[PDB]
Amino acid sequence: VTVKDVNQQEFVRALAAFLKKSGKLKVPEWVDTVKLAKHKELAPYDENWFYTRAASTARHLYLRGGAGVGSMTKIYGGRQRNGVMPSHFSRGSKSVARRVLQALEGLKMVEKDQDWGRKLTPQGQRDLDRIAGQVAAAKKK
Amino acid sequence: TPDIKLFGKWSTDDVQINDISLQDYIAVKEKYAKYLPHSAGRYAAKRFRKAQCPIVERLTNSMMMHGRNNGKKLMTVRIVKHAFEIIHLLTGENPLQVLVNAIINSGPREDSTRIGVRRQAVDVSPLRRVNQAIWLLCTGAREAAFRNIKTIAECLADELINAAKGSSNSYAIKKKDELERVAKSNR
Amino acid sequence: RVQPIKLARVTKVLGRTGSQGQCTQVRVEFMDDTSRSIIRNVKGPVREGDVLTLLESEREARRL
Amino acid sequence: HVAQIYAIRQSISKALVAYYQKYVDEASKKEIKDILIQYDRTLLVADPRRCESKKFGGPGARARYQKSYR
Amino acid sequence: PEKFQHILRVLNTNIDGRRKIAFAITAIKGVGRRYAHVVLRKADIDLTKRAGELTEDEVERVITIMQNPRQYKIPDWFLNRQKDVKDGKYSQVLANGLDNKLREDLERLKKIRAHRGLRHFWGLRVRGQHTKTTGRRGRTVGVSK
Amino acid sequence: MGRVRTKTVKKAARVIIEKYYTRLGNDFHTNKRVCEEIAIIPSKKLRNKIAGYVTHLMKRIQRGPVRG
Amino acid sequence: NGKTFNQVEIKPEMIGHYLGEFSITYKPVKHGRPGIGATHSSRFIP
Amino acid sequence: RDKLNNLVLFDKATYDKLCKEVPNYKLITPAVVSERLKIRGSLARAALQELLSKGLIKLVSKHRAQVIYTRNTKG
Amino acid sequence: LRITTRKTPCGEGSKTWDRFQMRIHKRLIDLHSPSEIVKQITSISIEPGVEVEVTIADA
RNA sequence: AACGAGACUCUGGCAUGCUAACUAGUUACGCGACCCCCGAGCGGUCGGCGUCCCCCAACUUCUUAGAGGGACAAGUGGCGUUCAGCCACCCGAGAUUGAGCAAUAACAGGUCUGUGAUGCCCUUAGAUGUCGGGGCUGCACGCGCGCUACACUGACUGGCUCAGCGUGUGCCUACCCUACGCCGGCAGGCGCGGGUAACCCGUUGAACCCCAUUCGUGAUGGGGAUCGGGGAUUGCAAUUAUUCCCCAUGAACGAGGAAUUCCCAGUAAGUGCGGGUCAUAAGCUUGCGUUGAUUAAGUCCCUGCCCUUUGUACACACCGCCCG
Ligand SMILES: [Mg+2]
Ligand SMILES: [Mg+2]
Ligand SMILES: [Mg+2]
Ligand SMILES: [Mg+2]
Ligand SMILES: [Mg+2]
Ligand SMILES: [Mg+2]
Ligand SMILES: [Mg+2]
Ligand SMILES: [Mg+2]
Ligand SMILES: [Mg+2]
Ligand SMILES: [Mg+2]
Ligand SMILES: [Mg+2]
Ligand SMILES: [Mg+2]
Ligand SMILES: [Mg+2]
Ligand SMILES: [Mg+2]
Ligand SMILES: [Mg+2]
Ligand SMILES: [Mg+2]
Ligand SMILES: [Mg+2]
Ligand SMILES: [Mg+2]
Ligand SMILES: [Mg+2]
Ligand SMILES: [Mg+2]
Ligand SMILES: [Mg+2]
Ligand SMILES: [Mg+2]
Ligand SMILES: [Mg+2]
Ligand SMILES: [Mg+2]
Ligand SMILES: [Mg+2]
């Protein structure tokens, strides 16, 4: 099956285990003392958040080429509550999104594009399609 | 069924409006059977276009009120959905019949107008009977689950059940009885 | 003081009564012997053909 | 997210009714046209409601800012 | 399960073991949510436990990490007294040293009689907010003689 | 509501009828073109209103005669 | 301060403050008694 | 307000009553179990997930804002 | 282009506004021809204040 | 007979009819390629996914914008002195979109602080025509327009998936919108490109909403005032904190007295985004979309308005006049 034929919320959940089943994809050292965006108030609940965000970034790169850090930080941007004043839209964290894209390149999953940006390799499309097939055959969709 | 929509699960045949007045103003069956209580619905265009609306979409519309609920209708469809299943468990009867009986047991048929604290008694139109019933049934669920640990879906079903099983333990039936008593005094 | 309920069908809309024009004069028959007719003041949006319920049918409406 | 569900649901009906009237018979299309247009309009005929313009002196098209004597 | 003693008396403040640890230790001053979550992560203990489920060999580790953070790799940009004005230290001042530092800072300012100390003395607003229509603590004044 | 025609429309329609009586019929989509070709109406809405009053007058001239 | 050269004896505690942060530009106010416009309860004269 | 002093975890009495109510209740939701006993309501969720694991109750609906169970799809 | 200004000087009265706007229409034509003929045809019969720009290589 | 109303102009709704488009697209296959069997099959042929690459392919459905068309109370039934017209219905994209413009007469309304519009009066070198510093922000109190809340129809943490109206390198005036690589927890820094713009930011990955976790009726993980300590950027200069970021402190407030404002359908309300001012910067205003109700189809009671009859000791016009 293709990646677009399956529920994406289970796809991210399966790909996160796939990534955190190999031992590769070396995580940063500051994983336990980082807020993930300016507009947040706490650190992520899930202790193994870096693998979920790597799976999310990969499934996002499968759907649009050439994404680059300045768009990953728009894909994860949301609302900020400025206390007593009205709320606004805010960006994600460039450091996190950059380290995630560099850790994916460390897996031969993505490469720097010909136009400036990041893109899946042929070997990454295969790893995403295999997990899509696994998810589809699991839940008998 | 291939030509009879239920609700997904709730059959809309074998549901009896046991009033002669309030029917033709409760659009349950046989032409207004629809899968979801959510249509585009240019029903607020002419005077009486409102009676042709399915009753479940008349409750979904009225339930989203008091400020931080306006326009949140996809939140207000799941409320009715989770409540109908609670109703089917607690009683066993088709959850649409409970709704119809609750709408019948809680619309006042006598009421009073301020005139010339002088009031004069008058009789309620059927459309206003339906409107008052819906408003009263929603306000009870709203006020019951405002600072409780119970959810807006448990209290809506509580209200519908205590109304269809006329008990005066529901906000709507206490209010109906007051309006008709105050109107009987001013008779 | 003890009287049953009476269903009445509307056959004519006369006008809007009350200080704010807030209720309607309506002529009704009695669902049992059509040879009866009374005038009532109804509170809601009444069309012609609707069926009203009367808790007290020995009364009649004067105005206001 | 909700204005697109209705777009899709109207477009596929408008498509099956147009494919049945060019490559199939005529009654075979006017049967499904009536089946569709009896249960619900806006399956074949779009509705013309659009947003209205804001005017100066109020937060929206009809609302005005709060008046204040004294 | 295991109805054991819950009320804790950690340094100079009472914690209720009826709550979760990450939100129970915030009862101490100087320890908010963002600080307590990190102090609990560095101490490798779980985060789904009620604060009463901690035997006496966890609480001690939690507080000794809470008081000496730079030892256990808690960063500098994260502490509530950085470049300490009179000693150059980096620290989290926690429970009673907080009030002492605050009063010492106010007294330092009033001593040289800077402007902030003079606004702190007269009980006025220290940042640059207007005071013509806010604050409003006193009583109504009568205009009719 | 409205739908009350103005003197500028009624006088125009009366003149159009009183001169070209034999070219005008009973349908609207032909009277529209007739009045379009015989007169000069500097708008399309005005043309439709004049051609719509002409039809309502023609439906009456087939009965007893009008007094204008 | 805008009219007057108020004097300051520099102490080793003021290191890194602004010299302007030691002579204020206004008088700390003590209030009088509210006048004719001070409330809506007050308007009338002949 | 008021004072609702609920229990953060079970004791043996409440713990046996929680297993002696299973056949009795037609509707099971965390709020109902909170109102029956004196339970902190976030312990009722864990208690019902435990009872569900043991096949003692049947899940009829699960959603983010609502969960509903019933007694063994019988009566 | 839109400019919405206050209608009054001096700030008194009901708060009305004026909405001015200018509209710019644009068209382009493409030809495959020698440049001499282009300058021949493009420099004739230009009545109004329309612009006419010629570029020598756009395809 | 003239003005005003109407007509008129812009705008929203409809055209598989016309005109015609690599600065917009669709489909087709020329394709070529990646990937997975996900189907018969083998995996190939047939298919399935593609904002992956090409076409001097065919076309204009979606996009653009011009010309025309189209609605007229035209058709049908009632009510109308059978007139002007009103109600209902069929057909239909629609049978009552929204604004712009607007009369005679007047007000001691606002503006001399928009003006090289302006009369008279004042000052004119010890200036009422320039630089440095302070103020316009000071706080017992009274009032107006507003922002955020009082939580479970919720807060938090993740995941998923959709816009439209705009603006963008400045002449004096020196500053614009940003991609992508690297560095930093963050604000931010360094390096190299595109755009005077349907061409680049941009397929504008917006928020609410949707889907799962933790909390549990406790001023609590609701609320975010007040205050301490540290780090950046704009600028000639940030103290009386310009703005922004981080750790900490954690006030009132549990739906609001007498009163009173705005509103009829894509409207109220929730929700975010642009323009204006802008070296720096929106709780303001001016526009745009997105989710989208309850209630009416009325009346003259309250506050006012229009027309006729009537009364008047008023005309500075009832906020009048006037007696002891
Ligand atoms: Mg709005
Ligand atoms: Mg005349
Ligand atoms: Mg007729
Ligand atoms: Mg039709
Ligand atoms: Mg109009
Ligand atoms: Mg005028
Ligand atoms: Mg002037
Ligand atoms: Mg002058
Ligand atoms: Mg000025
Ligand atoms: Mg000068
Ligand atoms: Mg100066
Ligand atoms: Mg000022
Ligand atoms: Mg104002
Ligand atoms: Mg979120
Ligand atoms: Mg809000
Ligand atoms: Mg704005
Ligand atoms: Mg700007
Ligand atoms: Mg701005
Ligand atoms: Mg302003
Ligand atoms: Mg008013
Ligand atoms: Mg009149
Ligand atoms: Mg007279
Ligand atoms: Mg006189
Ligand atoms: Mg008087
Ligand atoms: Mg006197």
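Since chain A takes its numbers from Swiss-Prot, the residues it shows come out as 4-144.
Here the Cβ of each residue, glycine as well, is placed from N, Cα and C on the backbone.
Pulled from Swiss-Prot, these are the features on record:
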MOD_RES   A:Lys23  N6-acetyllysine
MOD_RES   A:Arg67  omega-N-methylarginine
MOD_RES   A:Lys111  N6-acetyllysine
MOD_RES   A:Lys115  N6-acetyllysine
MOD_RES   A:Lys143  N6-succinyllysine
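Candidate modified residues: A:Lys23, A:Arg67, A:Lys111, A:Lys143. Fewest other C-beta atoms within 10 angstroms, A:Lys143. Using a 10 Å radius centred on the Cβ of A:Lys115 (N6-acetyllysine) and all shown protein chains, the other Cβ atoms total 13. Counting only the Cα atoms, the space from A:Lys23 (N6-acetyllysine) to A:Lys111 (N6-acetyllysine) is about 16 angstrom.
Of A:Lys111, A:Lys115, A:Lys143, all annotated as modified residues, the residue with the shortest Cα distance to the residue listed as 'omega-N-methylarginine' is A:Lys115. Across the structure, A:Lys115 (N6-acetyllysine) and A:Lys143 (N6-succinyllysine) are spaced 36 Å apart at their Cα atoms.
Among the modified residues A:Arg67, A:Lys111, A:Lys115, no residue has its Cβ under 6 Å from any atom of ligand 11.
Classification of A:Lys111 (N6-acetyllysine) by DSSP places it in coil, neither helical nor stranded. If you take the Cα of A:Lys111 (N6-acetyllysine) and the Cα of A:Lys143 (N6-succinyllysine), they are about 31 angstrom apart, rounded to a whole number.
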